[PDB]
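Accompanying notes for the structure given below.
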Amino acid sequence: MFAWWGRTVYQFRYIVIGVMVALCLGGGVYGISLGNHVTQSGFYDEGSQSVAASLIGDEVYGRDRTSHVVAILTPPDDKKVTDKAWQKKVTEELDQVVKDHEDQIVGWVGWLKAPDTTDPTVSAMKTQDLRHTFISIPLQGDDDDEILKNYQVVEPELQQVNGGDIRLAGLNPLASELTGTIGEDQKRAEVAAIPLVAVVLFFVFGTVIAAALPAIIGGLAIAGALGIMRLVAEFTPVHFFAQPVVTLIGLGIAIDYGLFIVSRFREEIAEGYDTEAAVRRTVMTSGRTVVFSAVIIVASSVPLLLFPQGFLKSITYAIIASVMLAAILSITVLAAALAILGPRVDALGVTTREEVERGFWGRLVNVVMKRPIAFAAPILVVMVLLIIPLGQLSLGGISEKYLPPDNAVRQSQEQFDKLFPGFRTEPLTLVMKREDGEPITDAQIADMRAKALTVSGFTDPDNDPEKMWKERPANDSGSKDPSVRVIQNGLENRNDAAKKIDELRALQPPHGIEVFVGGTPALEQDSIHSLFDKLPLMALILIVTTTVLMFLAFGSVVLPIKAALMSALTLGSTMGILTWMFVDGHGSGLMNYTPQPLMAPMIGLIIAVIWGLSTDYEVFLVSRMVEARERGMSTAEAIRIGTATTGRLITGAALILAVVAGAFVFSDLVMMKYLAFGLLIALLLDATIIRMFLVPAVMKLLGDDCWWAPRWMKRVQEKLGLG
């Protein structure tokens, strides 16, 4: 089947490059403007009962908006808030701002609206020393995106007031700071990537055109990637995190494909088969290797679709689309370009030994394959060494803890938390709804109050059981349905909540009313439980698909079993070492980050990407080995020539992703640096260890019994004809 495709691609010749370049540039120009519309409420699981409870609560009572913006204010020049003339300036300034933005801001809430007050809540608005006071600036909106987009436009006008002596914090400043750090990362990305990719391409080739071509190929492939993700975003919203990383990862991995192309054609010119059919061969081998890589990557990324995480689904869509488009379009354009330009690659040059290294590599391989036990025991000890960290795991949620302490916004947030205690809380929501729809009797409310009170472990500020479980006050933006009601109260320790939430789920309300449990801890617990339940089945389906496609590619079962165990080993190893190195040593101080319980969808996608990359290196090695076996030489000759012919190519492929991972770790956000550490350490250490020692030593044991296969295991191999 590949012969026909190769014949068509080298008969199409010239005009195809022009039409494809025109199409991809048009798509890129159309897709430049896709970052305007993004979503930020997509990390919540929609199938959980807690989110449904929250939706019913905000439908009946209206969404709360006092926690979006909190402003710490302090009078300067050693003057307290007692002076009556001081607050006049602040009130006039904020009144002018809200007048300028009456549609954009409705008003303000704080201590200044009524100095004389008897409310226990408003008296606490003012501190003991009469120095710092916090005010609340509500923002309107049906959901979060309009809230945030009206927030940044008033960000500077609200910040400048009182001569720049106000400290703003809340949920919206955090989102604005993530937008700012993504913007600076985008500014840094290309300008830091181009010199490093240029120098590594100069190192591996040293030819100006052979290095300039992949740079253009990556740029044209990413344009199509963003175009395809825009088309798929037209139906389903896409979270911001899909823009800065995934595409470039595509770019990163895409380079590898192009690298191999622009590599092997070169060595073909060392041989000698002519410009016309140079493509002939190179296209066949490039096509087979890229289709194997593409199908295995998409098969590794597809099992995550079963997860109901919308953000994770968007990431999987983006990565699958980028890999597919990069593979197909890049192989087409490079094949046609090498057909057109011909063998004159080494014409311009910079003006516009190696045998000893090969012998050393052969000696290293011989030493490796001579003694397999003294390095087999290190495998077991490092297995234990990676299992030991696995006990130390903690999972949490998204908060301000991610942001580095250097940013002034977290400094303001932590100052507010430290000096002003107890104002920010995340109480659980216990929803009562009636099937009939009749108004809820106060007797039933008291009964449910008692049933929720009978269990301990809750926080009571003024030490009387009666006033606990206070009803949610009704905001003026919700329709008060008497058939549905909610109550809430705070908690002391986040960890014990799963028990308290579980017990609240356990209790039996009266027959007439039915109960929802919700809140910020309930959604986290539901997500953790769901992923813990669906992890083994996802791993099983992933491993069976991987091994069945490995069998479909070339054959044999011992090699796929070794590959499966190898992938399990590497995914355990990288996770264990990345969770250990930060804990045992004070390595967090150098990169300036703090401990925090990791959240699970991201580590799942990291497992997916390390799976893909390690297994892609494995299938590259296996494909070259089976090519050598089809040549007809012995196993030792095949192993040595396989190491010799592509050690430099594998090293360059590893260096590309090491360079991009460095480019990411120069960023500021901690979670991104965490995933960059994971992928970098995995690729570098594990790939070096497997290529240098593990693979040659382990592939020497079985022998001829490895290639043996049942009759129906070979009939399907000869029938398909794809390989």
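By convention here, the chains of the structure tokens are called A, B, ... in the order presented, each chain's residues are numbered starting at 1, and ligands are numbered starting at 1 in the order presented.
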>> Can you pull out the residues contacting stretch 153-161 of chain A? Cut-off 9 Å, using only C-alpha atoms, and skip same-chain residues under 3 positions away; I want them as a list in words.
In response: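 The neighbour list is residues 90, 93, 94, 97, 101, 104, 105, 148, 149, 150, 164, 165, 166, 167, 168 and 173 of chain A.
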> Skipping near chain neighbours, those fewer than 6 positions away, what residues fall within 9 Å of residue A:396 using only C-alpha atoms, listed as a ChimeraX atom specification?
Replying inline: /A:524-525,528,596-600
> Do you know which residues are at most 12 Å from residue A:541 counting only C-alpha atoms, after dropping those on the same chain fewer than 2 positions away, and could you put them as a ChimeraX atom specification?
Replying inline: /A:299-304,306,534-539,543-548
> Which parts of stretch 69-261 of chain A does DSSP call helix (DSSP H, G or I) when run on the backbone here, written out as a ChimeraX atom specification?
Replying inline: /A:86-100,111-113,120-123,144-159,161-164,171-204,208-233,240-242,246-261
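What separates atom CA of residue A:96 from atom CA of residue A:137 is a distance of 14.0 Å.
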>> Give me the residues near residue A:654 as a PyMOL selection string, where near means some atom within 9 Å (using only C-alpha atoms) and where sequence neighbours in that chain fewer than 6 positions away do not count.
In response: chain A and resi 256+683-684+687-688
Include C-alpha atoms and write out the residues we just selected as a tab-separated table (two decimals), in the first residue's frame.
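The result, written out as result-v2.tsv:
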chain	number	residue	atom	x	y	z
A	256	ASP	CA	11.88	15.11	15.47
A	683	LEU	CA	13.19	11.61	28.71
A	684	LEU	CA	16.83	12.38	29.52
A	687	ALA	CA	16.21	7.24	27.43
A	688	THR	CA	19.94	7.47	28.13
> If we count only C-alpha atoms, what is near residue A:371 at a cut-off of 12 Å, once residues fewer than 6 positions away on the same chain are taken out, given as a PyMOL selection string?
Replying inline: chain A and resi 364-365+377+693-694+696-698+700-701
Saved selection, atoms kept: C-alpha atoms, as a PDB file, in the first residue's frame:
ATOM      1  CA  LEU A 364      30.578  -0.156  25.223  1.00  0.00           C
ATOM      2  CA  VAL A 365      27.831  -2.314  23.694  1.00  0.00           C
ATOM      3  CA  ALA A 377      20.371  -6.007  40.162  1.00  0.00           C
ATOM      4  CA  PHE A 693      22.784  -0.265  28.770  1.00  0.00           C
ATOM      5  CA  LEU A 694      19.338  -1.731  29.354  1.00  0.00           C
ATOM      6  CA  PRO A 696      21.162  -4.342  24.418  1.00  0.00           C
ATOM      7  CA  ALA A 697      21.576  -6.343  27.628  1.00  0.00           C
ATOM      8  CA  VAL A 698      17.926  -7.405  27.822  1.00  0.00           C
ATOM      9  CA  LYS A 700      20.194 -10.938  24.247  1.00  0.00           C
ATOM     10  CA  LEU A 701      18.477 -13.530  26.486  1.00  0.00           C
TER      11      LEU A 701
END
> What lies within 10 Å of stretch 549-554 of chain A using only C-alpha atoms, ignoring chain neighbours under 6 positions off, as a PyMOL selection string?
Replying inline: chain A and resi 288+292+295-296+299+543+560-561+563+619+622-623+626-627+713-714+716-717+720+722-723
>> Can you pull out the residues contacting residue A:695? Cut-off 12 Å, using only C-alpha atoms, and skip same-chain residues under 5 positions away; I want them as a PyMOL selection string.
In response: chain A and resi 365+368-369+372+375-376+559+562-563+566+617-618+621-622+625+639-640+642-643+686-690+700-701
Write out, as an mmCIF file, in the first residue's frame, the residues just selected, with C-alpha atoms.
data_model
loop_
_atom_site.group_PDB
_atom_site.id
_atom_site.type_symbol
_atom_site.label_atom_id
_atom_site.label_comp_id
_atom_site.auth_asym_id
_atom_site.auth_seq_id
_atom_site.Cartn_x
_atom_site.Cartn_y
_atom_site.Cartn_z
ATOM 1 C CA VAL A 365 27.831 -2.314 23.694
ATOM 2 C CA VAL A 368 27.054 -4.127 28.275
ATOM 3 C CA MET A 369 25.966 -7.376 26.624
ATOM 4 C CA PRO A 372 23.790 -8.656 32.267
ATOM 5 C CA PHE A 375 23.333 -4.315 35.958
ATOM 6 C CA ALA A 376 20.163 -6.381 36.382
ATOM 7 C CA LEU A 559 9.296 -7.920 22.523
ATOM 8 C CA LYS A 562 9.333 -6.379 27.351
ATOM 9 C CA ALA A 563 8.160 -3.023 25.985
ATOM 10 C CA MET A 566 9.708 -1.183 30.237
ATOM 11 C CA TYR A 617 11.650 5.894 21.181
ATOM 12 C CA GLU A 618 11.078 2.183 21.821
ATOM 13 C CA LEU A 621 14.518 1.243 18.028
ATOM 14 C CA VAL A 622 12.323 -1.802 17.333
ATOM 15 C CA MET A 625 15.999 -3.539 14.542
ATOM 16 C CA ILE A 639 22.352 -4.364 17.475
ATOM 17 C CA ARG A 640 25.770 -2.826 16.834
ATOM 18 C CA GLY A 642 21.567 -0.103 14.822
ATOM 19 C CA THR A 643 23.328 1.764 17.606
ATOM 20 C CA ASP A 686 15.371 6.980 31.138
ATOM 21 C CA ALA A 687 16.209 7.236 27.430
ATOM 22 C CA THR A 688 19.943 7.466 28.133
ATOM 23 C CA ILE A 689 19.832 4.470 30.482
ATOM 24 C CA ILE A 690 17.727 2.306 28.156
ATOM 25 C CA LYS A 700 20.194 -10.938 24.247
ATOM 26 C CA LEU A 701 18.477 -13.530 26.486
#
Could you give me, as CSV, a per-residue list for stretch 608-684 of chain A showing, wherever an atom lies at most 12 Å from an atom of stretch 311-332 of chain A, the closest pair of atoms and their distance in Å to one decimal, using only C-alpha atoms and sorting by chain then residue number from low to high?
residue,atom,partner,partner_atom,distance
A:608,CA,A:316,CA,9.6
A:609,CA,A:319,CA,9.6
A:612,CA,A:319,CA,11.2
> Looking only at the backbone, which of the residues in stretch 382-581 of chain A does DSSP tag as strand (DSSP E or B), as JSON, numbers by chain?
Replying inline: {"A": [395, 429, 430, 431, 432, 433, 434, 470, 471, 484, 485, 486, 487, 488, 513, 514, 515, 516, 517, 518]}
Quick one: write out the picked residues with C-alpha atoms as an mmCIF file, in the first residue's frame?
data_model
loop_
_atom_site.group_PDB
_atom_site.id
_atom_site.type_symbol
_atom_site.label_atom_id
_atom_site.label_comp_id
_atom_site.auth_asym_id
_atom_site.auth_seq_id
_atom_site.Cartn_x
_atom_site.Cartn_y
_atom_site.Cartn_z
ATOM 1 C CA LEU A 395 -3.785 15.513 46.095
ATOM 2 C CA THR A 429 -23.674 23.266 50.762
ATOM 3 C CA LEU A 430 -26.478 20.862 51.701
ATOM 4 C CA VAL A 431 -29.373 21.290 49.267
ATOM 5 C CA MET A 432 -32.945 20.233 50.063
ATOM 6 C CA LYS A 433 -35.378 19.954 47.155
ATOM 7 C CA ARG A 434 -38.956 18.660 47.127
ATOM 8 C CA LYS A 470 -26.947 29.161 59.045
ATOM 9 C CA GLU A 471 -29.010 29.525 55.889
ATOM 10 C CA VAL A 484 -35.351 24.276 47.455
ATOM 11 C CA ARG A 485 -33.097 25.509 50.270
ATOM 12 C CA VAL A 486 -29.441 25.381 51.333
ATOM 13 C CA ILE A 487 -27.429 25.713 54.550
ATOM 14 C CA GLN A 488 -23.703 26.048 55.210
ATOM 15 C CA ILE A 513 -37.167 16.132 50.546
ATOM 16 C CA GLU A 514 -34.079 14.869 48.725
ATOM 17 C CA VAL A 515 -30.552 16.114 49.317
ATOM 18 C CA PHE A 516 -27.578 17.253 47.253
ATOM 19 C CA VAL A 517 -24.097 17.682 48.726
ATOM 20 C CA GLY A 518 -21.870 20.354 47.208
#
> Between A:510, A:338, A:177, A:399, which has the minimum distance to residue A:443 (counting only C-alpha atoms)?
Replying inline: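 Residue with the minimum atom-to-atom distance to residue A:443: A:510.
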> Pick from A:307, A:707, A:196, A:585: nearest to residue A:530, with only C-alpha atoms counted?
Replying inline: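 Using only C-alpha atoms, residue A:530 sits closest to A:307.
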> Quick one, how far is atom CA of residue A:459 from atom CA of residue A:491?
Replying inline: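 According to the coordinates, atom CA of residue A:459 and atom CA of residue A:491 are separated by 5.2 Å.
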